[PDB]
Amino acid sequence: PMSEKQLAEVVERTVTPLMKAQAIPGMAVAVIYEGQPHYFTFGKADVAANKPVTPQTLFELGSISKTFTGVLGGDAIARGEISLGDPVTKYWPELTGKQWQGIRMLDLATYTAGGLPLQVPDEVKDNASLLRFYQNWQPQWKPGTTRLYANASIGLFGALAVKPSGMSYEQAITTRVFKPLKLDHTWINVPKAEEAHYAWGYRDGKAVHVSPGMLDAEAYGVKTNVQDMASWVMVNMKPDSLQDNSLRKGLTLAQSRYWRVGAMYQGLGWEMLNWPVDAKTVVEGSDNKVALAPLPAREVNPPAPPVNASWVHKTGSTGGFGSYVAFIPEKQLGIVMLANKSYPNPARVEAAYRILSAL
C-alpha cells in the first residue's frame, strides 16, 4: 500500500475489529514499510483518566524483553566474555548439583536445559532461595534435547551473561544495548519522572503493572514506547547499518539459528520461521498448547547464520499487557503491536500476518 493513508487503512481495518473482539483498551502500532516507521494509535492508555495511547506511551514488553536479553548475551559473546559452549557452572560456581552439568549457557539461553519451569516460583524472593531453587530442580529430559519455553531458563542466562562485565543487569543492558541504539525511552525500571507516559495494563477490568519478581528484568521486564520499539525492529532488520562492533555481532548472533523445532528456528530471544510462511503454521504454532509445550529440539552444528528470508518474531505478555513483533528482513517489512491487555497469542500473530501479507 504505497500511500500512508493506504497503510493506515490496512492497520485500522485489522486493529479496530481486534480491540473490540478482545476488549483491548489501547494499542500502539508501528509498521516499518520500506524501512521507515509509521505509527497508528488506538484507544486508551489510562481508562480511568481517559488518556489516549500515543507513540510516547510506555507499554510492558513482557517476553519481548527476551530479544534484548538475547542481543545482550550476543554482545558479551562477541566481547569474549562468555561463550554459549560453556557449562552454566562456570558463571555460578555455587550450582554444584549433578543435574547441572552437560547444561551449557546455550541451553539456558534457548530453553533446552531439560525442563526448567515456565515461571520462577513466587516463593523465590532472593539470591539464596533462587540458588536453592536451581539446586533442587529435577530435569525431565537430557540436556540439549528438549525445548521448553521458560522465564527460569533465559532469565538465568541473562543474569549470568552479565557477571563478567562487572555490571548489574540493568546497567549492562542500558549501557551496551539501549544507549548505543538511542533507545532513550526504554527502561527496566520506569523513572518516576516519566511515569505519566506509562500505560496501565488491564487484567480482569483491573489496572495493573507487572509485580517485582526474581529474573523479571532478564525475562519479561522491559518497558518502552512504540518509537523505541520501531527503532529496535529496524536495527534488528538491518544490522549492517551499524559499526562492526560487539553490538552489530550481537544482533547477528541473536538471529542465528541454534535449534530447529517443528517449523521454527530458535535464535537468542528471537524466533524465526522460513519466509514465505503459511499463516496456519505460524498462528497455530503460537497457541499455548504448542508454544508452551515441551518439544524435541534438533541442534544446528555451527549455529546457521541469519537468513534474510525469515518471519522473525516474538510475542510478549505480562498479566496486564499483550505485545507482538514480527519482521521480514528480506522485504524490510515489519510490525510492532503494543497493547495494554494480554489477549491470546494466536490472535496477535493472526492480526500481524493479515497486516503484513497485504504489503
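When you see a residue number, it is the position in the sequence shown, counting from 1.
S.K.: Comparing 121 to 129 with 260 to 268, which stretch shows the greater average C-alpha B-factor in the deposited entry?
M.R.: Taking the mean B-factor of the alpha carbons in each, 121 to 129 is higher.
S.K.: For the C-alpha atoms alone, is the average B factor greater in 26 to 34 or in 298 to 306, going by the entry?
M.R.: Averaged over C-alpha atoms, the B-factors run higher in 298 to 306.
S.K.: I'd like to know which of 73, 155, 239, 201 has the highest C-alpha temperature factor in the PDB entry.
M.R.: Of 73, 155, 239, 201, 239 has the highest C-alpha B-factor.
S.K.: Per the coordinate record, which of the options 182, 223, 197, 90 holds the highest CA temperature factor?
M.R.: Top of the list by C-alpha B-factor: 90.
S.K.: Mind checking which third residue 178 falls in for C-alpha B-factor across the chain?
M.R.: Answer is middle: the recorded C-alpha B-factor places it there.
S.K.: So where's residue 186 on the chain's Cα temperature factor ranking, which third?
M.R.: It falls in the bottom third of the chain.
S.K.: Residue 18: which third of its chain by C-alpha temperature factor?
M.R.: Answer is highest: the recorded C-alpha B-factor places it there.
S.K.: Can you work out whether the C-alpha temperature factor of residue 247 puts it in the lowest, middle or highest third of the chain?
M.R.: It falls in the top third of the chain.
S.K.: Residue 284: which third of its chain by C-alpha temperature factor?
M.R.: It falls in the top third of the chain.
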